[PDB]
Amino acid sequence: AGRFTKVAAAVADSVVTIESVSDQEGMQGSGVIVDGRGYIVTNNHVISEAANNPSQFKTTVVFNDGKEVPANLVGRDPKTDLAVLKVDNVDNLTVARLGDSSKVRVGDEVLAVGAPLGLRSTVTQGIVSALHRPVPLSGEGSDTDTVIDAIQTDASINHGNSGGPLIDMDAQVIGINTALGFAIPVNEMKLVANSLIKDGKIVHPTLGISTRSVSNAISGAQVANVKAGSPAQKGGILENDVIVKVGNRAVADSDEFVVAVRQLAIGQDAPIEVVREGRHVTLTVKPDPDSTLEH
Amino acid sequence: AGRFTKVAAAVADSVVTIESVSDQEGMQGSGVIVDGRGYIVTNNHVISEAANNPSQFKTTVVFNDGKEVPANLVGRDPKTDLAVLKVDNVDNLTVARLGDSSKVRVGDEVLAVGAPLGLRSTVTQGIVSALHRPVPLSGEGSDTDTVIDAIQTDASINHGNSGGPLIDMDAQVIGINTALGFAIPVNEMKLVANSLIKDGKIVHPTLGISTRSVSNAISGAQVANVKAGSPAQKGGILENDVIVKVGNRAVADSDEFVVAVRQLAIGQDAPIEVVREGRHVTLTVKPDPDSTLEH
Amino acid sequence: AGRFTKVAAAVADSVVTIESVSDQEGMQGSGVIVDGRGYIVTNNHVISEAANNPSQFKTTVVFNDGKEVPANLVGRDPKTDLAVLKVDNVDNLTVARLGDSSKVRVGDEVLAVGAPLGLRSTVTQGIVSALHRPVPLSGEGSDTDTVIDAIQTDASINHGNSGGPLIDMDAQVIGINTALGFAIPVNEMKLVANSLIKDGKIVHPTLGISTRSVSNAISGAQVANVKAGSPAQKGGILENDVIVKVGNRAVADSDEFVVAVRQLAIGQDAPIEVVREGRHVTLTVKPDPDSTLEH
């Protein structure tokens, strides 16, 4: 048997099909079994429409055997395109051996596995092309768009393997596919899922700036608007200031800015380096939470 | 030498260039030698225009040595995008070892080989991503479009390897490329070719329904039109009925419907499962042949 | 460690980031260290804008360690999309082991390496799909477009690995990436670079014809215009003549014509085969240099 063939076969039981249907519409995606109690991680875009209109939508999980089981939404994070589902009392569930995204290196061979019984399902092969690559992601519906610090791959990520796992050559999940190919790393996923499972919510830092990218001789995220009462207006950030370092992550554009704000601690003090009218200023800002009552 | 390099070299003699030229136009594609008598299988789109206008077009086969030999059309099937050519009295022809498409598994490494002396020829690599995947295919010219139950691959199928073979790691033809990558499986090809060689024609079942896809909570192929005298109008199929199983192949959309009708036996009785006004009806239809005089 | 992972790691020190910036703009690409004196080969499109407007642009080379060093343009060839840069007094430079593009075969596994510290950098994997494939290339700015006799690959060539090397499985540069994937072969690069280093210029043959492609029953490069005083008008080439062989390279279209003219010797006599009004004429032309004073 093939080396790639042995690995895809070893994980197909852990990959499931997610089907959300209404009276007149239906969406479909893939997901992965992470916990034996019945916890299934997928993307947020796949189920976005079951959550914004639950009175008319119903979500079911189809396993490798064709067994179709109703599912309930545990929690969802539109800012990491992640989501957790739960099926109840289902047994003999083959859980996925999750790996460490910190040991992944560029050039390692991977497999973007989709759900075996999915309609347009796909199993693609490639390598890890880049690590810690910010990527803009379009938010489905009322949801907000976001930027994620992702694992890039030349394996094709598409509608047939989105929400399924990025698998290494030891059959371990090192990322979650999102729909040249980008994946949400497993180390961020294990953290988002723990909070989504225990609380039904994940709280993320906010500063209150909108940014546009700039690249010349002076490069980073240029300020478009500072909100009133925002931690940024209190910290001294001004319109048309250029941010080049947030906390300790240097920032090359607006996309890396979004990623670096999420890496800050809420309510702790953070250095923010700015170039204003040709002078270097290092300000200090305390990040607010995006949902106070839930923090 | 490379593992992929050894395999592409072992099959290049069996892959040929097909050149169809008129006074002011010229098409080009790839093909494969399947029989030592000089039988060459290609796609139907490649030669479509030599067959609909033969008085002005001429088709020649260019071998690996640059030897250019006139060719004649044995038969063609627009519904499987397949076609057979014959060169006469050419000797020392290296025939392709044809494999079994039923032993192919997802994740097996493949090679989409094009014709060595072709203009924009390409040799691409990848894996088998999906099996038994219906795919719509655009029919060139007066020809009809069709849907084929195909082998999907992430190896790029394009103008430079269409009509050439999908090769496994034992240098065996497991499919015929058609122009993310789809291939006509060798087991369907061996059957279509046998009929095209012995009869110059292949007869396929027809029922007389036009279908549009639907996906909601009730999913399959919805009836748009039933022809008069069609086996479907006789079997009781009605407009706005939803087909979910044809024969014994469940049907998820209009594309799988087209594929499942071709799997029925002509003149034999076939169960057809339909959901009408929220009620489940199982009808019975006898498939007609698309060409009576030839059946 | 992975087999592809070991190879990309072994060459990352030789691959550098090239950054050209003005007051309001900035371009970025990749390059490769070919000589220990500090000679760096990239594409011409990457630096095109530092050369046409040098009073406002500044080019710097960023190494694997983040060490940022100013760079100077040695020479550039818009017709092979090649360019040479020089950094001065930098030591401990890890040079790339350059290979032989004449020993490369179709199906050999390759890696399209980009600059590690580049913004949108990518490391892609694939195989050599075709050899000696002419490809049109769009010239940036005032520069002219060209056609190059290239190494085609299914590894994705993009903004993140353009100018970086095409690497074989022995970690040797067999080509230079240019932005389904095409690369400038190392054997042409070693020649262009030697002239660009020693002279700051490369002189290429010209004949003075503009050509459009034609394919029918008679195929090659059709003449659109012959310039006055051009070696072609002196050699007898006429408008609406069809060129099928230049020197000893047969020509299938206008793109291979461009490639074959560059293979001729300047000031030497060359056979040019033409089909005119259905008759075969073999003319004789002496190629001029594109820059006389520099030849």
# chains A, B, ... in the order shown; residues from 1 in each chain; ligands from 1
$ interface_residues --of "chain A" --to "chain B" --cutoff "8 Å" --atoms "only C-alpha atoms" --output "MDAnalysis selection string"
chainID A and resid 2 4:5 8 21:26 120:125 156
$ write_last_selection --atoms "C-alpha atoms" --output "short mmCIF file (atom, residue, chain, number, x, y, z; two decimals), in the first residue's frame"
data_model
loop_
_atom_site.label_atom_id
_atom_site.label_comp_id
_atom_site.auth_asym_id
_atom_site.auth_seq_id
_atom_site.Cartn_x
_atom_site.Cartn_y
_atom_site.Cartn_z
CA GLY A 2 1.02 3.60 -0.55
CA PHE A 4 0.14 8.46 1.70
CA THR A 5 -2.58 5.82 1.32
CA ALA A 8 -5.31 8.83 4.99
CA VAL A 21 -30.06 22.13 6.36
CA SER A 22 -33.12 24.37 6.31
CA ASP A 23 -36.41 24.25 4.45
CA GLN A 24 -34.78 25.60 1.26
CA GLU A 25 -31.00 25.61 1.82
CA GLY A 26 -28.18 23.28 2.83
CA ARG A 120 -17.39 17.02 -3.04
CA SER A 121 -14.84 15.55 -0.62
CA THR A 122 -11.13 15.72 -1.43
CA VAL A 123 -7.87 14.30 -0.07
CA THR A 124 -4.98 16.47 -1.26
CA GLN A 125 -1.23 16.19 -0.71
CA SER A 156 -5.20 22.25 -2.23
#
$ select_by_dssp --residues "range 60-269 of chain A" --states "helix (DSSP H, G or I)" --output "PyMOL selection string"
chain A and resi 101-103+186-199+231-235+254-262
$ write_last_selection --atoms "N, CA and C atoms" --output "mmCIF file, in the first residue's frame"
data_model
loop_
_atom_site.group_PDB
_atom_site.id
_atom_site.type_symbol
_atom_site.label_atom_id
_atom_site.label_comp_id
_atom_site.auth_asym_id
_atom_site.auth_seq_id
_atom_site.Cartn_x
_atom_site.Cartn_y
_atom_site.Cartn_z
ATOM 1 N N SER A 101 1.904 21.751 16.664
ATOM 2 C CA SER A 101 2.189 22.653 15.556
ATOM 3 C C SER A 101 3.516 23.386 15.713
ATOM 4 N N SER A 102 4.151 23.311 16.885
ATOM 5 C CA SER A 102 5.428 23.977 17.104
ATOM 6 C C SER A 102 6.614 23.170 16.597
ATOM 7 N N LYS A 103 6.429 21.880 16.326
ATOM 8 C CA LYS A 103 7.484 21.028 15.794
ATOM 9 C C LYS A 103 7.403 20.872 14.282
ATOM 10 N N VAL A 186 -2.850 23.566 15.075
ATOM 11 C CA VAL A 186 -3.481 22.760 16.115
ATOM 12 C C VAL A 186 -3.225 23.347 17.495
ATOM 13 N N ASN A 187 -2.088 24.017 17.691
ATOM 14 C CA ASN A 187 -1.818 24.576 19.009
ATOM 15 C C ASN A 187 -2.742 25.736 19.328
ATOM 16 N N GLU A 188 -3.225 26.468 18.324
ATOM 17 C CA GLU A 188 -4.186 27.571 18.613
ATOM 18 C C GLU A 188 -5.569 26.953 18.804
ATOM 19 N N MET A 189 -5.864 25.894 18.066
ATOM 20 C CA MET A 189 -7.134 25.176 18.082
ATOM 21 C C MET A 189 -7.376 24.508 19.425
ATOM 22 N N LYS A 190 -6.355 23.837 19.961
ATOM 23 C CA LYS A 190 -6.487 23.224 21.276
ATOM 24 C C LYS A 190 -6.805 24.260 22.344
ATOM 25 N N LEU A 191 -6.355 25.503 22.160
ATOM 26 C CA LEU A 191 -6.635 26.548 23.141
ATOM 27 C C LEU A 191 -8.035 27.125 22.957
ATOM 28 N N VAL A 192 -8.402 27.457 21.716
ATOM 29 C CA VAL A 192 -9.737 27.985 21.447
ATOM 30 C C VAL A 192 -10.801 26.968 21.837
ATOM 31 N N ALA A 193 -10.555 25.690 21.546
ATOM 32 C CA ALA A 193 -11.548 24.662 21.839
ATOM 33 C C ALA A 193 -11.770 24.513 23.339
ATOM 34 N N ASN A 194 -10.692 24.530 24.130
ATOM 35 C CA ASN A 194 -10.832 24.391 25.577
ATOM 36 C C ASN A 194 -11.738 25.473 26.155
ATOM 37 N N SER A 195 -11.595 26.709 25.676
ATOM 38 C CA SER A 195 -12.446 27.790 26.165
ATOM 39 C C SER A 195 -13.862 27.667 25.619
ATOM 40 N N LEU A 196 -13.998 27.301 24.342
ATOM 41 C CA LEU A 196 -15.324 27.124 23.760
ATOM 42 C C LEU A 196 -16.077 25.976 24.420
ATOM 43 N N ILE A 197 -15.362 24.942 24.865
ATOM 44 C CA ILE A 197 -16.018 23.812 25.515
ATOM 45 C C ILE A 197 -16.435 24.180 26.934
ATOM 46 N N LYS A 198 -15.530 24.805 27.692
ATOM 47 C CA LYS A 198 -15.798 25.074 29.099
ATOM 48 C C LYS A 198 -16.713 26.276 29.309
ATOM 49 N N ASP A 199 -16.728 27.229 28.377
ATOM 50 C CA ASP A 199 -17.490 28.456 28.558
ATOM 51 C C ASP A 199 -18.493 28.741 27.453
ATOM 52 N N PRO A 231 -9.063 51.808 24.117
ATOM 53 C CA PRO A 231 -7.759 51.830 24.794
ATOM 54 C C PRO A 231 -6.679 52.537 23.988
ATOM 55 N N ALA A 232 -6.866 52.605 22.668
ATOM 56 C CA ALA A 232 -5.882 53.260 21.815
ATOM 57 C C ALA A 232 -5.939 54.776 21.958
ATOM 58 N N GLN A 233 -7.145 55.350 21.961
ATOM 59 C CA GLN A 233 -7.271 56.788 22.168
ATOM 60 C C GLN A 233 -6.765 57.193 23.544
ATOM 61 N N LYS A 234 -6.917 56.314 24.538
ATOM 62 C CA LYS A 234 -6.380 56.598 25.863
ATOM 63 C C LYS A 234 -4.862 56.466 25.883
ATOM 64 N N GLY A 235 -4.321 55.504 25.136
ATOM 65 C CA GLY A 235 -2.886 55.294 25.082
ATOM 66 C C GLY A 235 -2.111 56.312 24.274
ATOM 67 N N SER A 254 -1.236 45.543 7.922
ATOM 68 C CA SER A 254 -2.452 45.528 8.726
ATOM 69 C C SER A 254 -2.859 44.114 9.122
ATOM 70 N N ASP A 255 -2.515 43.116 8.304
ATOM 71 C CA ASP A 255 -2.902 41.745 8.617
ATOM 72 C C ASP A 255 -2.131 41.208 9.816
ATOM 73 N N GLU A 256 -0.824 41.474 9.880
ATOM 74 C CA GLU A 256 -0.049 41.044 11.037
ATOM 75 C C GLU A 256 -0.407 41.851 12.279
ATOM 76 N N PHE A 257 -0.906 43.075 12.096
ATOM 77 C CA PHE A 257 -1.391 43.860 13.227
ATOM 78 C C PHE A 257 -2.553 43.158 13.917
ATOM 79 N N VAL A 258 -3.544 42.722 13.133
ATOM 80 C CA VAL A 258 -4.695 42.006 13.682
ATOM 81 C C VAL A 258 -4.238 40.783 14.465
ATOM 82 N N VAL A 259 -3.256 40.056 13.928
ATOM 83 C CA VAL A 259 -2.773 38.845 14.583
ATOM 84 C C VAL A 259 -2.054 39.185 15.884
ATOM 85 N N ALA A 260 -1.289 40.279 15.893
ATOM 86 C CA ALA A 260 -0.481 40.619 17.060
ATOM 87 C C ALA A 260 -1.316 41.158 18.215
ATOM 88 N N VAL A 261 -2.440 41.819 17.925
ATOM 89 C CA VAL A 261 -3.312 42.296 18.995
ATOM 90 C C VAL A 261 -3.902 41.120 19.761
ATOM 91 N N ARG A 262 -4.264 40.052 19.047
ATOM 92 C CA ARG A 262 -4.838 38.875 19.688
ATOM 93 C C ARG A 262 -3.831 38.139 20.563
#
$ residues_around --residues "residue 276 in chain A" --least-positions-apart "5" --cutoff "8 Å" --atoms "only C-alpha atoms" --output "PyMOL selection string"
chain A and resi 240-242+281
$ residues_around --residues "residue 39 in chain A" --least-positions-apart "2" --cutoff "7 Å" --atoms "only C-alpha atoms" --output "CSV table (one decimal) with N, CA, C and O atoms, in the first residue's frame"
chain,number,residue,atom,x,y,z
A,33,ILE,N,-12.9,14.6,15.1
A,33,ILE,CA,-13.2,14.2,16.4
A,33,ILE,C,-12.0,14.4,17.3
A,33,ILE,O,-11.0,13.8,17.0
A,34,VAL,N,-12.1,15.2,18.3
A,34,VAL,CA,-11.0,15.5,19.2
A,34,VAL,C,-11.1,14.9,20.5
A,34,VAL,O,-10.1,14.7,21.2
A,35,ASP,N,-12.3,14.6,21.0
A,35,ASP,CA,-12.6,14.1,22.3
A,35,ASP,C,-13.6,12.9,22.3
A,35,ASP,O,-14.6,13.0,21.5
A,36,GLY,N,-13.4,11.9,23.1
A,36,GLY,CA,-14.2,10.7,23.1
A,36,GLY,C,-15.6,11.0,23.7
A,36,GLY,O,-16.5,10.2,23.4
A,37,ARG,N,-15.8,12.1,24.4
A,37,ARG,CA,-17.1,12.4,24.8
A,37,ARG,C,-18.0,12.9,23.7
A,37,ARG,O,-19.3,13.0,23.9
A,41,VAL,N,-14.5,19.3,16.2
A,41,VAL,CA,-14.0,20.7,15.8
A,41,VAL,C,-14.2,20.8,14.3
A,41,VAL,O,-13.7,20.0,13.5
A,84,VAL,N,-16.9,24.2,17.8
A,84,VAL,CA,-17.0,23.0,18.4
A,84,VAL,C,-18.5,22.5,18.4
A,84,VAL,O,-19.4,23.2,18.7
A,85,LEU,N,-18.6,21.2,18.1
A,85,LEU,CA,-19.9,20.5,18.1
A,85,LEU,C,-19.9,19.4,19.1
A,85,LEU,O,-18.8,18.9,19.4
A,86,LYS,N,-21.1,18.9,19.5
A,86,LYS,CA,-21.2,17.8,20.4
A,86,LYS,C,-22.3,16.9,19.9
A,86,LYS,O,-23.4,17.3,19.7
A,87,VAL,N,-21.9,15.6,19.8
A,87,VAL,CA,-22.9,14.5,19.6
A,87,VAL,C,-22.9,13.8,20.9
A,87,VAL,O,-21.9,13.6,21.6
$ select_by_dssp --residues "range 64-256 of chain B" --states "strand (DSSP E or B)" --output "PyMOL selection string"
chain B and resi 68-70+72-77+82-86+98+109-113+123-137+146-153+165-167+173-178+181-185+205-206+209-214+220-226+242-246+249-250
$ closest_atom_pairs --of "range 113-221 of chain B" --to "range 264-275 of chain B" --cutoff "10 Å" --atoms "only C-alpha atoms" --output "JSON lines"
{"residue": "B:203", "atom": "CA", "partner": "B:266", "partner_atom": "CA", "distance": 9.0}
{"residue": "B:204", "atom": "CA", "partner": "B:266", "partner_atom": "CA", "distance": 7.7}
{"residue": "B:205", "atom": "CA", "partner": "B:266", "partner_atom": "CA", "distance": 5.6}
{"residue": "B:206", "atom": "CA", "partner": "B:266", "partner_atom": "CA", "distance": 8.2}
{"residue": "B:207", "atom": "CA", "partner": "B:266", "partner_atom": "CA", "distance": 9.8}
{"residue": "B:218", "atom": "CA", "partner": "B:275", "partner_atom": "CA", "distance": 8.0}
{"residue": "B:219", "atom": "CA", "partner": "B:275", "partner_atom": "CA", "distance": 9.1}
{"residue": "B:220", "atom": "CA", "partner": "B:274", "partner_atom": "CA", "distance": 9.3}
{"residue": "B:221", "atom": "CA", "partner": "B:274", "partner_atom": "CA", "distance": 9.4}
$ closest_residue --among "C:282, C:92, C:250, C:239" --to "residue 227 in chain C" --atoms "only C-alpha atoms"
C:239
$ residues_around --residues "residue 200 in chain B" --least-positions-apart "5" --cutoff "8 Å" --atoms "only C-alpha atoms" --output "NGL selection string"
:B and (74-76 or 195)
$ write_last_selection --atoms "N, CA and C atoms" --output "PDB file, in the first residue's frame"
ATOM      1  N   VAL B  74     -12.151   4.978 -35.436  1.00  0.00           N
ATOM      2  CA  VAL B  74     -12.894   3.734 -35.273  1.00  0.00           C
ATOM      3  C   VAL B  74     -14.278   4.005 -34.695  1.00  0.00           C
ATOM      4  N   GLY B  75     -14.344   4.793 -33.628  1.00  0.00           N
ATOM      5  CA  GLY B  75     -15.615   5.105 -32.996  1.00  0.00           C
ATOM      6  C   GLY B  75     -15.398   6.088 -31.868  1.00  0.00           C
ATOM      7  N   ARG B  76     -16.498   6.706 -31.441  1.00  0.00           N
ATOM      8  CA  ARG B  76     -16.410   7.756 -30.436  1.00  0.00           C
ATOM      9  C   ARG B  76     -17.674   7.789 -29.587  1.00  0.00           C
ATOM     10  N   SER B 195     -16.649  -2.012 -27.339  1.00  0.00           N
ATOM     11  CA  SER B 195     -17.831  -1.807 -28.169  1.00  0.00           C
ATOM     12  C   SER B 195     -17.530  -0.881 -29.340  1.00  0.00           C
TER      13      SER B 195
END
